Amino acid sequence: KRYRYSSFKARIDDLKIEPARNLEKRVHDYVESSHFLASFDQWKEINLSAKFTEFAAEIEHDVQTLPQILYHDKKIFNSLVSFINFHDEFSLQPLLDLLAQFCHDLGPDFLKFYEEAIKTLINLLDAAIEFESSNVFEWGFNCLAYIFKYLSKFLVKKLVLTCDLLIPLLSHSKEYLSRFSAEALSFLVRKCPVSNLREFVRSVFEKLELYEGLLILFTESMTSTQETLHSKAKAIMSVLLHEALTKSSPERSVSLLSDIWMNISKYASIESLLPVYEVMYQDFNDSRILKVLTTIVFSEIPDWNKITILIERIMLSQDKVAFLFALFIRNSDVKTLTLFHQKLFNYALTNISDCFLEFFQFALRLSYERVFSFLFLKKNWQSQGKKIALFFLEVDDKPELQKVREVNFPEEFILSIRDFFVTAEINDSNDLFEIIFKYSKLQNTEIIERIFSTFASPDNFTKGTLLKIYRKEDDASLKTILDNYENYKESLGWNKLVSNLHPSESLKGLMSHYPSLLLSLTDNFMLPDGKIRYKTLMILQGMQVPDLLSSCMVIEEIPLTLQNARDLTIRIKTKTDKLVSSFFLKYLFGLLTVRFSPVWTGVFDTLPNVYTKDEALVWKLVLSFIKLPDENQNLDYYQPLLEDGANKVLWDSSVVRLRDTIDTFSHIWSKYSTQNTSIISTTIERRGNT
Amino acid sequence: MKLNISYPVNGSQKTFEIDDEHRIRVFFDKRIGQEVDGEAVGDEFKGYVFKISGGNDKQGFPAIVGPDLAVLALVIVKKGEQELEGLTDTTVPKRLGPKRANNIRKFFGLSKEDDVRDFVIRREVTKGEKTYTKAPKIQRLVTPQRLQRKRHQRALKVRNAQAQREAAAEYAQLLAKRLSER
RNA sequence: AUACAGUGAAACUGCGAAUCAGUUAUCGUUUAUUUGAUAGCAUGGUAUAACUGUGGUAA
RNA sequence: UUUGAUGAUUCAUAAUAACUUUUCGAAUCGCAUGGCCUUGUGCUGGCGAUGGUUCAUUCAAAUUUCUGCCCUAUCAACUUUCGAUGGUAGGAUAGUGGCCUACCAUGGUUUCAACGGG
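Residues numbered from 1 in each chain as written, not as in the entry; some residues may be left out. Chains lettered and ligands numbered in written order. Part of a larger assembly, values for the part shown. Heavy atoms only, no water. Residues with missing side-chain atoms left out of burial classes, pairs and counts.

Listed as the method for this PDB entry is cryo-EM; the listed resolution is 4.9 Å.

Laid out in structure tokens, this is it:
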């Protein structure tokens with residue numbers, strides 16, 4: 001069907017110049033007496049616009065018989081540029097294509113007009129931006145590429161001059177103008193053989209301090225041949241680009257050559273990049289190479305890549321290079337040589353963190369050696385708690401240097417913790433989890449705030465006397481890690497007598513209804529552990545109804561039925577079971593994250609034991625939303641001021657930003673402790689909803 | 001006769017065939033939408049509070065009922081304690097998620113700071129090898145465009161008035177000129 | 001294009017479905033439509049379609 | 001010396017008073033999304049798609065003034081039967097208006113070819 005009505009920006013998106021790729025028999029292949037006269041009279045016939053008519057009435061004495069043109073060169077050129085500087089939109093195609101033709105007949109005598117012609121052209125491209133016509137842009141950029149096609153013989157040495165003339169198009173900060181003009185200039189780059197292109201690349205790199213994306217588009221359009229085929233001069237254009245690179249250019253030019261290599265690698269599929277890789281390897285044999293190597297290992301002879309990387313490492317960036325080589329490598333011998341280089345590669349915590357975020361595979365040898373070589377980075381790396389590589393974490397955590405473990409045991413023996421030595425003991429016990437007597441002693445000394453209590457409970461879960469001391473501390477009492485410690489003690493008689501001696505579990509069975517569902521799940525898993533170590537049908541129904549909490553529409557349609565059945569059982573059927581059922585009902589009605597479950601709770605609150613804890617819990621819920629709890633623990637300040645290897649790409653910028661955030665997480669100890677304090681469980685929330 | 005019974009919370013529905021017509025004899029001359037108890041009509045189903053739907057007779061046409069309604073339908077208004085086989089246990093999901101912005105805000109309890117855009121329902125449809133995830137829509141959502149159009153309506157009203165009551169004055173200038181003339 | 005963004009069946013909504021003859025007035029009526037003028041809460045709730053299912057029914 | 005006219009007005013229009021089973025004064029959409037700099041995440045801003053108050057226009061309808069057509073005096077009386085014809089009010093009317101109601105009057109048509117019939 002016809003009639004689609006693409007918008008103006010839509011047509012600009014469809015636009016690409018490529019006039020030598022546009023193949024018709026236009027006028028110029030059929031040449032009369034002049035080369036200008038045929039396109040003159042043809043446009044005189046096909047187009048009517050009043051200033052084009054009076055222009056034709058002005059120049060008709062001198063258009064015909066090309067001696068007339070070569071005599072009357074300047075005067076009718078001034079007539080041309082005056083009418084283009086008049087510029088109604090309907091006269092633009094004839095006058096502009098005639099000015100395009102006005103150089104092809106002449107050749108060298110147009111170079112006394114060339115600069116002023118391009119000046120009128122760029123003024124009219126600004127007028128075209130305020131005109132909003134994709135046809136006008138198409139004609140103007142088409143005639144510009146025509147001028148460059150007809151004058152590429154004489155525009156060899158003056159490349160720097162003409163790009164300095166056309167630099168209001170490249171750095172215009174309106175990206176489709178530069179995306180247009182970069183095609184024409186890239187055709188000129190494809191024209192110019194070697195040395196003038198080298199000087200042009202030098203001046204273009206030097207003038208770089210929105211010109212960066214324009215230079216990227218010019219390089220990509222110079223390499224841009226047909227579909228899945230590279231340019232014929234691409235192997236030499238990469239040579240001129242690498243010669244202008246390698247410490248001959250500014251800082252952003254390295255990322256510019258990187259992004260040009262990225263777009264060229266995305267364009268040319270596989271076989272078109274044999275000679276490009278050969279020329280780039282020949283330019284890389286001499287020895288900035290780091291951003292280039294990471295860029296060429298982005299897009300996926302890896303042994304030759306490993307050999308060149310080993311030479312350039314014999315002589316962060318090396319961490320990102322090794323991470324990408326690990327994510328896309330194919331040789332276990334090269335991986336072992338990379339472990340040999342990882343012996344000399346610093347920041348191995350951040351390197352292993354980004355590598356484990358990338359993949360999870362064989363050759364995990366250097367982790368134990370880095371642990372034996374041995375602070376805050378090891379603290380954060382062990383603080384990566386529940387990963388997919390936890391199966392290797394729990395098996396390789398023993399391989400650390402136990403001298404550091406016994407040294408932390410000497411710091412965990414005595415603890416004079418006022419405000420920050422509790423945090424220092426938290427940082428110690430985090431590593432000491434991967435390392436019972438000192439645990440119970442330090443826990444007694446510590447119980448003699450919330451973050452230090454949660455960290456002590458983590459060492460408690462990592463650790464019947466200890467169970468009695470933990471029950472005494474729970475009678476003396478964040479709560480998520482505390483219930484983790486309690487469940488780890490209860491699952492990891494004498495214990496029956498020790499639990500029957502102390503009366504407990506009523507406080508936890510009452511305060512299981514918290515505003516955090518993970519805290520509710522931890523309390524529900526802890527209370528069943530206590531009732532197991534010292535009824536169970538209704539408790540397991542309440543645990544299973546809170547188990548299927550992934551409230552997708554199938555499971556959320558299922559959960560109202562499951563909660564209604566368990567509530568019918570526990571309402572048609574002890575004081576502790578009534579407290580646990582009331583706490584589960586209060587937690588379900590105070591979740592306020594799914595209105596499916598809050599309909600089942602409003603159904604289940606209709607047949608309860610009258611005013612047992614119902615109206616008391618309702619008054620507690622109404623009073624919970626008059627003020628809010630706050631003020632978690634603080635820390636000091638830290639500063640990375642680092643982690644840059646890229647400027648602007650599509651996905652390479654995202655991968656580099658991910659490695660930069662990884663390095664800023666593996667930054668200094670104050671930021672590491674701030675990230676550790678950020679790594680917490682849930683808390684009280686949902687104000688105004690409860 | 002045949003009794004289509006539908007559990008509403010799951011929403012499931014299955015049919016039964018009811019012989020022993022003196023169970024059906026209490027349905028008779030009773031108006032549509034009146035209460036029916038579980039054990040009080042039948043044998044096995046206990047405590048199932050119902051209400052009759054009415055509907056189609058013999059050969060399918062529709063207050064006071066006779067024995068022509070072969071297809072009698074019920075929804076389980078209140079479940080008793082009978083463990084049904086495809087109604088109460090096997091749950092079918094509610095199909096279409098909420099579409100409107102404040103409808104989603106009611107469905108997940110959002111406040112006036114959320115600007116939801118992630119509390120949308122999701123779905124992944126499976127070709128078998130290449131998945132297609134989809135977020136449908138948040139309609140009646142406050143956009144940057146909607147208050148732009150509200151601002152444009154304000155600007156158009158104030159511009160029309162601030163041209164009209166001034167063109168009044170430039171007419172009154174010519175009227176004052178003719179009054180000084182005459 | 002992790003709200004949406006391409007095409008888009010279905011469905012809702014919107015729109016449209018004795019001839020009398022010449023012959024004046026409508027300061028006696030309405031005037032759908034076109035055309036031209038024209039008016040100083042970051043935005044809430046229903047009640048449902050298509051669809052998923054349970055059937056009857058020779059239909 | 002204050003106001004827009006037609007041949008012509010209780011015309012067009014303006015002011016007060018309240019009645020409104022309370023009408024409207026945009027909870028709408030597409031393309032771009034540019035600017036001001038106190039960079040808020042602010043305030044602004046373009047083109048046009050629909051809607052909507054009133055008036056005019058345009059297109060219409062429904063009535064209305066004046067003439068006409070088939071043969072006839074083996075058709076001279078026809079209409080106030082259960083409206084015939086007026087005037088006054090009311091209702092109906094989208095309205096002028098027996099389109100109807102009651103009340104007041106007893107009219108009106110016709111040898112001119114009426115009235116009736118072919």
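A. Spatial organisation of the overall build of chain A. Within chain A, the secondary structure is distributed over 40 helices and 0 strands. Taking 26 Å as the expected radius of gyration for a compact globule of 690 residues, we find that chain A reaches 37 Å, considerably beyond that expectation. With the C-alpha coordinates aligned to their principal axes, the bounding extent of chain A is approximately 120 × 65 × 40 Å. (Helix = DSSP H or I, 4+ residues; strand = E, 2+ residues; numbered from the N terminus. Rg over C-alpha atoms; globule rule 2.2 N^0.38 Å.)

B. Main features of the interface of chain B and chain A. Residue-level contacts link 11 residues of chain B with 12 residues of chain A. The residue makeup of the side of chain B that touches chain A, split by class, is 5 nonpolar, 3 polar and 3 charged. (Contact = heavy atoms within 4.5 Å. Nonpolar A, V, L, I, M, F, W, Y, C, P; charged D, E, K, R; others polar.)

C. Structural context of the packing of aromatic side chains. Ring plane angle 80 degrees and centroid distance 6.2 Å describe the contact between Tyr48(B) and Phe50(B), whose orientation is recorded as edge-to-face. Among the aromatic residues, those joined into a ring-pair cluster are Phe36(A), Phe40(A), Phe52(A), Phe55(A), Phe77(A), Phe83(A), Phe102(A), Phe110(A) and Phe113(A). (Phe/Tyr/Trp six-rings, centres within 6.5 Å; stacked < 30°, edge-to-face > 60°.)

D. Spatial organisation of the pairing of strand β1 (residues 2–6) of chain B. All names here are of chain B. For β1 and strand β2 (residues 13–17), the ladder comprises 5 bridges, and the chain directions are antiparallel. Directly across from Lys 2, in β2, lies its bridge partner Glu 17. Between the end of β1 and the start of β2, which pair antiparallel, lie 6 residues, with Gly 11 showing a positive phi angle near 85 degrees. Taken together, the 5 bridges between β1 and strand β5 (residues 71–75) define a ladder with parallel strand orientation. Along β5, the bridge assignment pairs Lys 2 with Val 71. (Pairing = 2+ DSSP bridges.)

E. Expanded view of the environment of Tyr48(B). All names here are of chain B. Relative to the helices and strands, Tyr 48 resides in the loop between α1 (38–41) and β4 (50–51). Taking C-alpha positions, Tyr 48 is 15 Å from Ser 12, a pair spaced 36 residues apart along the chain. Setting aside its immediate chain neighbours within four residues, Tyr 48 contacts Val 36, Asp 37, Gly 38, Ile 76, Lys 78, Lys 79, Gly 80, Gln 82, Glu 83, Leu 84 and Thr 88.

F. Representation of the pattern of salt bridges within the structure. Residue and element names in this part refer to chain B. Linking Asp 43 and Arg 23 is a salt bridge whose minimum nitrogen-to-oxygen distance equals 2.7 Å. Placement of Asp 43 in the loop between α1 and β4 and of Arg 23 in the loop between β2 and β3 (35–36) is noted, with a sequence separation of 20 residues between them. The salt bridge involving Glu 129 is made with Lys 127; its shortest N-O contact spans 3.3 Å. Put simply, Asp 20, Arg 23 and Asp 43 are held in one network by salt bridges that share partners. (Salt bridge = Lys/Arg side-chain N within 4 Å of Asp/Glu carboxyl O.)

G. Quick peek at the packing of helix α2 (residues 35–46) of chain A against helix α3 (residues 50–59) of chain A. All names here are of chain A. Axis separation between α2 and α3 bottoms out at 11 Å; the angle between their running directions is 140 degrees. With respect to α3, the axis of α2 lies oblique. At the point where α2 passes α3, the crossing takes the left-handed sense. Facing α2, whose interface residues are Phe 40, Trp 43 and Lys 44, α3 presents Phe 52, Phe 55 and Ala 56. Partitioned by chemical class, the residues of the contact of α2 with α3 number 5 nonpolar, no polar and 1 charged. (Axes fitted to C-alpha atoms, helices over the stretch in contact; angles between N-to-C directions. Parallel < 35°, antiparallel > 145°, perpendicular 65-115°, else oblique. Left-handed = near helix turned anticlockwise from the far one by under 90°.)

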